[PDB]
$ cat entry34.cif   # mmCIF, N, CA and C atoms and all ligand atoms
data_entry
loop_
_atom_site.label_atom_id
_atom_site.label_comp_id
_atom_site.auth_asym_id
_atom_site.auth_seq_id
_atom_site.Cartn_x
_atom_site.Cartn_y
_atom_site.Cartn_z
N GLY A 1 -2.51 -61.07 1.17
CA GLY A 1 -3.22 -62.17 0.48
C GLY A 1 -2.34 -62.89 -0.51
N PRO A 2 -2.41 -64.23 -0.57
CA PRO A 2 -1.57 -65.02 -1.46
C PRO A 2 -2.04 -64.97 -2.91
N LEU A 3 -1.09 -64.91 -3.83
CA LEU A 3 -1.40 -64.89 -5.25
C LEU A 3 -1.51 -66.32 -5.79
N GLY A 4 -0.97 -67.26 -5.03
CA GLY A 4 -0.94 -68.64 -5.46
C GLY A 4 0.48 -69.17 -5.50
N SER A 5 1.05 -69.25 -6.69
CA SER A 5 2.42 -69.71 -6.85
C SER A 5 3.33 -68.56 -7.27
N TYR A 6 4.25 -68.19 -6.38
CA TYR A 6 5.23 -67.16 -6.67
C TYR A 6 6.63 -67.70 -6.44
N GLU A 7 7.62 -67.12 -7.11
CA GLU A 7 9.00 -67.58 -7.01
C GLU A 7 9.58 -67.31 -5.63
N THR A 8 9.86 -66.05 -5.37
CA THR A 8 10.50 -65.66 -4.13
C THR A 8 9.46 -65.36 -3.06
N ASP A 9 9.80 -65.69 -1.82
CA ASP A 9 8.95 -65.35 -0.69
C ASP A 9 9.02 -63.86 -0.42
N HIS A 10 7.91 -63.27 0.00
CA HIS A 10 7.85 -61.83 0.19
C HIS A 10 6.83 -61.47 1.25
N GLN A 11 6.85 -60.20 1.63
CA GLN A 11 5.96 -59.65 2.63
C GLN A 11 4.50 -59.78 2.21
N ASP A 12 3.59 -59.66 3.18
CA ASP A 12 2.16 -59.71 2.90
C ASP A 12 1.54 -58.35 3.19
N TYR A 13 2.31 -57.30 2.95
CA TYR A 13 1.84 -55.94 3.15
C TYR A 13 2.38 -55.03 2.06
N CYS A 14 1.64 -53.95 1.78
CA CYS A 14 2.03 -52.99 0.77
C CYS A 14 3.22 -52.17 1.26
N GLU A 15 4.25 -52.10 0.45
CA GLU A 15 5.40 -51.27 0.77
C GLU A 15 5.08 -49.80 0.50
N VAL A 16 3.94 -49.56 -0.14
CA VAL A 16 3.51 -48.19 -0.43
C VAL A 16 2.52 -47.69 0.62
N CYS A 17 1.50 -48.49 0.92
CA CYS A 17 0.49 -48.10 1.91
C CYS A 17 0.86 -48.58 3.31
N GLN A 18 1.79 -49.52 3.38
CA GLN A 18 2.23 -50.11 4.64
C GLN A 18 1.10 -50.91 5.28
N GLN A 19 0.32 -51.58 4.45
CA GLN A 19 -0.78 -52.41 4.91
C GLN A 19 -1.03 -53.52 3.90
N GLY A 20 -1.46 -54.68 4.38
CA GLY A 20 -1.69 -55.80 3.50
C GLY A 20 -3.08 -55.80 2.90
N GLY A 21 -3.74 -56.94 2.95
CA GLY A 21 -5.07 -57.07 2.38
C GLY A 21 -5.01 -57.53 0.94
N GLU A 22 -5.69 -56.81 0.06
CA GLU A 22 -5.72 -57.16 -1.35
C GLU A 22 -4.50 -56.58 -2.07
N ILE A 23 -3.33 -56.98 -1.63
CA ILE A 23 -2.08 -56.57 -2.26
C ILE A 23 -1.71 -57.57 -3.34
N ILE A 24 -0.80 -57.18 -4.22
CA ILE A 24 -0.33 -58.08 -5.24
C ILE A 24 1.13 -58.40 -4.99
N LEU A 25 1.47 -59.67 -5.10
CA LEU A 25 2.83 -60.09 -4.88
C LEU A 25 3.46 -60.45 -6.21
N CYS A 26 4.51 -59.73 -6.60
CA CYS A 26 5.22 -60.07 -7.82
C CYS A 26 5.60 -61.54 -7.79
N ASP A 27 5.45 -62.20 -8.92
CA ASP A 27 5.74 -63.62 -9.01
C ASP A 27 7.24 -63.85 -8.98
N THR A 28 8.00 -62.77 -9.09
CA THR A 28 9.45 -62.87 -9.13
C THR A 28 10.12 -62.08 -8.01
N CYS A 29 9.69 -60.84 -7.80
CA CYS A 29 10.34 -59.96 -6.83
C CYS A 29 9.76 -60.14 -5.43
N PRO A 30 10.54 -59.76 -4.40
CA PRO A 30 10.08 -59.76 -3.02
C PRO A 30 9.19 -58.55 -2.71
N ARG A 31 8.57 -58.01 -3.75
CA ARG A 31 7.73 -56.84 -3.61
C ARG A 31 6.31 -57.24 -3.23
N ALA A 32 5.59 -56.31 -2.64
CA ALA A 32 4.20 -56.51 -2.28
C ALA A 32 3.50 -55.18 -2.10
N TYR A 33 2.51 -54.93 -2.93
CA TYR A 33 1.74 -53.69 -2.88
C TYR A 33 0.41 -53.87 -3.60
N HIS A 34 -0.57 -53.02 -3.29
CA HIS A 34 -1.88 -53.11 -3.93
C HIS A 34 -1.76 -52.66 -5.39
N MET A 35 -2.80 -52.93 -6.17
CA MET A 35 -2.81 -52.53 -7.58
C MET A 35 -2.88 -51.02 -7.74
N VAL A 36 -3.62 -50.38 -6.84
CA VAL A 36 -3.91 -48.96 -6.95
C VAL A 36 -2.67 -48.10 -6.68
N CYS A 37 -1.81 -48.57 -5.80
CA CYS A 37 -0.58 -47.87 -5.44
C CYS A 37 0.47 -48.04 -6.53
N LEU A 38 0.32 -49.11 -7.30
CA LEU A 38 1.18 -49.35 -8.44
C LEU A 38 0.78 -48.46 -9.60
N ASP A 39 -0.49 -48.54 -9.96
CA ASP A 39 -1.02 -47.79 -11.10
C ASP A 39 -2.54 -47.93 -11.14
N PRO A 40 -3.27 -46.81 -11.03
CA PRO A 40 -4.73 -46.81 -11.14
C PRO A 40 -5.19 -47.29 -12.52
N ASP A 41 -4.29 -47.20 -13.49
CA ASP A 41 -4.58 -47.61 -14.86
C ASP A 41 -4.47 -49.12 -15.00
N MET A 42 -3.76 -49.75 -14.08
CA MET A 42 -3.56 -51.20 -14.13
C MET A 42 -4.84 -51.91 -13.69
N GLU A 43 -5.53 -52.49 -14.65
CA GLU A 43 -6.80 -53.15 -14.39
C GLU A 43 -6.71 -54.65 -14.63
N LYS A 44 -5.69 -55.06 -15.38
CA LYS A 44 -5.49 -56.46 -15.69
C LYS A 44 -5.21 -57.24 -14.42
N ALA A 45 -6.15 -58.11 -14.06
CA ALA A 45 -6.06 -58.88 -12.83
C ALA A 45 -4.86 -59.81 -12.84
N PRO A 46 -4.22 -59.98 -11.67
CA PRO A 46 -3.09 -60.89 -11.51
C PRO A 46 -3.53 -62.36 -11.55
N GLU A 47 -3.36 -62.99 -12.69
CA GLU A 47 -3.77 -64.38 -12.86
C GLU A 47 -2.55 -65.28 -13.01
N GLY A 48 -2.18 -65.94 -11.92
CA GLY A 48 -1.04 -66.84 -11.95
C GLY A 48 0.28 -66.09 -12.00
N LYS A 49 0.86 -66.00 -13.18
CA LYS A 49 2.11 -65.28 -13.37
C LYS A 49 1.83 -63.79 -13.48
N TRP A 50 2.07 -63.08 -12.39
CA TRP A 50 1.95 -61.64 -12.38
C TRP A 50 3.27 -61.05 -11.92
N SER A 51 3.96 -60.41 -12.83
CA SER A 51 5.20 -59.75 -12.49
C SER A 51 4.94 -58.27 -12.29
N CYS A 52 5.49 -57.73 -11.21
CA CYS A 52 5.33 -56.33 -10.85
C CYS A 52 5.70 -55.39 -12.01
N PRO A 53 5.15 -54.17 -12.00
CA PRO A 53 5.50 -53.14 -12.99
C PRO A 53 6.93 -52.64 -12.81
N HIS A 54 7.55 -52.99 -11.68
CA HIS A 54 8.93 -52.61 -11.41
C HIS A 54 9.87 -53.56 -12.16
N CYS A 55 9.37 -54.77 -12.39
CA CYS A 55 10.10 -55.80 -13.11
C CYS A 55 10.68 -55.29 -14.43
N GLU A 56 9.83 -54.66 -15.23
CA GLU A 56 10.23 -54.17 -16.54
C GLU A 56 11.27 -53.06 -16.42
N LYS A 57 11.30 -52.40 -15.27
CA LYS A 57 12.24 -51.32 -15.02
C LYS A 57 13.59 -51.86 -14.60
N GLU A 58 13.61 -53.12 -14.16
CA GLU A 58 14.84 -53.77 -13.72
C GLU A 58 15.57 -54.40 -14.91
N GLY A 59 14.97 -54.27 -16.09
CA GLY A 59 15.58 -54.81 -17.28
C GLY A 59 16.48 -53.80 -17.96
N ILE A 60 17.38 -54.28 -18.80
CA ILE A 60 18.34 -53.41 -19.47
C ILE A 60 17.77 -52.92 -20.80
N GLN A 61 16.56 -52.39 -20.76
CA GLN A 61 15.92 -51.88 -21.95
C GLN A 61 16.14 -50.38 -22.04
ZN ZN A 101 -1.02 -50.15 -1.38
ZN ZN A 102 8.87 -58.03 -10.23
#
$ encode --input "entry34.cif" --output "structure tokens" --more "lines below"
Ligand SMILES: [Zn+2]
Ligand SMILES: [Zn+2]
Amino acid sequence: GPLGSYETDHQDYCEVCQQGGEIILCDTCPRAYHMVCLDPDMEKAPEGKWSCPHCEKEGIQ
């Protein structure tokens, strides 16, 4: 499912469940996975700019 406007083009299936549907597409990364496979604690809906939880891990923090 499309998030709307994302930077990079990416798959329409979960890399975790290996199935699409209500997956979330990082607005920056070529990643695609459902919210539940990312984090059951993640409840904040992807509104427009949604960057994957992996994004913060790709930073030099
Ligand atoms: Zn999934
Ligand atoms: Zn990302």
$ residues_around --input "entry34.cif" --residues "range 46-51 of chain A" --least-positions-apart "5" --cutoff "6.5 Å" --atoms "only N, CA and C atoms" --output "number ranges by chain"
A: 3, 5, 25-28
$ write_last_selection --input "entry34.cif" --atoms "N, CA and C atoms" --output "tab-separated table (two decimals), in the frame of the given file"
chain	number	residue	atom	x	y	z
A	3	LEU	N	-1.09	-64.91	-3.83
A	3	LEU	CA	-1.40	-64.89	-5.25
A	3	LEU	C	-1.51	-66.32	-5.79
A	5	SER	N	1.05	-69.25	-6.69
A	5	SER	CA	2.42	-69.71	-6.85
A	5	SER	C	3.33	-68.56	-7.27
A	25	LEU	N	1.47	-59.67	-5.10
A	25	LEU	CA	2.83	-60.09	-4.88
A	25	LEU	C	3.46	-60.45	-6.21
A	26	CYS	N	4.51	-59.73	-6.60
A	26	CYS	CA	5.22	-60.07	-7.82
A	26	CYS	C	5.60	-61.54	-7.79
A	27	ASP	N	5.45	-62.20	-8.92
A	27	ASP	CA	5.74	-63.62	-9.01
A	27	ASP	C	7.24	-63.85	-8.98
A	28	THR	N	8.00	-62.77	-9.09
A	28	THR	CA	9.45	-62.87	-9.13
A	28	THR	C	10.12	-62.08	-8.01
$ atom_distance --input "entry34.cif" --atom1 "CA of residue 8 in chain A" --atom2 "CA of residue 30 in chain A"
6.0 Å
$ residues_near_point --input "entry34.cif" --point "(0.9, -59.2, -1.0)" --cutoff "9 Å" --atoms "only C-alpha atoms" --output "list in words"
residues 1, 2, 3, 10, 11, 12, 13, 14, 20, 21, 22, 23, 24, 25, 26, 31, 32, 33 and 34 of chain A
$ select_by_dssp --input "entry34.cif" --residues "chain A" --states "helix (DSSP H, G or I)" --output "list in words"
residues 35, 36, 37, 38, 55, 56, 57 and 58 of chain A
$ atom_distance --input "entry34.cif" --atom1 "CA of residue 29 in chain A" --atom2 "CA of residue 9 in chain A"
8.3 Å
$ select_by_dssp --input "entry34.cif" --residues "chain A" --states "strand (DSSP E)" --output "list in words"
residues 23, 24, 25, 32, 33 and 34 of chain A
$ residues_near_ligand --input "entry34.cif" --ligand "ligand ZN 101 (chain A)" --cutoff "6 Å" --atoms "all atoms listed in the file" --output "PyMOL selection string"
chain A and resi 14-18+33-37
$ closest_residue --input "entry34.cif" --among "A:58, A:4, A:19, A:40" --to "ligand ZN 102 (chain A)" --atoms "only C-alpha atoms and all ligand atoms"
A:58
